[PDB]
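Let's start with one chain on its own, the form deposited in one PDB entry, as structure tokens.
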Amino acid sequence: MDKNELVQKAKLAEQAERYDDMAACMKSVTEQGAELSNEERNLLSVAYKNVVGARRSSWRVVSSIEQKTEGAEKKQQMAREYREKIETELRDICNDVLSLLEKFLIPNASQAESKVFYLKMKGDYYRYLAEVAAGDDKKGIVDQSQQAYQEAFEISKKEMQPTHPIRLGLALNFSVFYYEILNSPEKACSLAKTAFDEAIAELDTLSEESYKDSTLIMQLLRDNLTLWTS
């Protein structure tokens, strides 16, 4: 329908915790073709995070159960088959986001900040795919994730301040990708620490509109470092 109504509706769905609906509205908005506003961008991101998030939790629970019932066998196959079903939902969700990203979002991004946001997002959604990927397809997905992240990272160092939330968020996720996806805690810790240090070094570049988000994120980086350096 009207883009403006779809946004109000998305806002409504969010409040009602109907994330599937939220995502539907936001996908449609994106499909109209005009560059998303900062608000629409974040609503889209929110909707999909929650939608894919549901499946990620479910996958973890079932995976967990499947590994603990090793030796039980009949149940194990029950869990394996279910886990597989959840995986498919997940890929579909991820494939929807990535397509949005390639056909509409990354191409229409005309400012560095949104370009970085969307490329981070691409790195994130391929990361989610890497997590449930068939062994044959895995490497390709990991490279695709890394690549997106890399690109965003380059743009951000050049075009954004170290205290910018989106630059900080990228660093947070990119580092997690190294830790969790590549099993390279050295690079994960290096990336995080550096980013935190650089934000700390330019504490004076904090903006009135975003000093709260900056420090929350700085602190998230710290939490991860501490977690990893114990």
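Sequential numbering from 1, following the sequence displayed. Heads up, when I say rigid core I mean the largest set of C-alphas that superpose within 1.5 Å between the two forms. Residues that one form lacks are left out of the comparison.
What follows is about the form deposited in another entry, which we do not show.
Taking the core as reference between this form and the one not shown, the lone member of 205, 63, 173, 190 whose Cα moves by 2 Å or more is 205. Look at residue 210 and residue 187: in the other entry their Cα atoms move 3 Å or more farther apart than in this form.
In the other entry, the Cα-Cα separation between residue 153 and residue 209 grows by 3 Å or more relative to the displayed conformation. Regions that shift between this form and the one not shown, defined as runs of three or more consecutive residues whose CA atoms all move by 2 angstroms or more after core superposition, reduce to a single one, 201 to 210.
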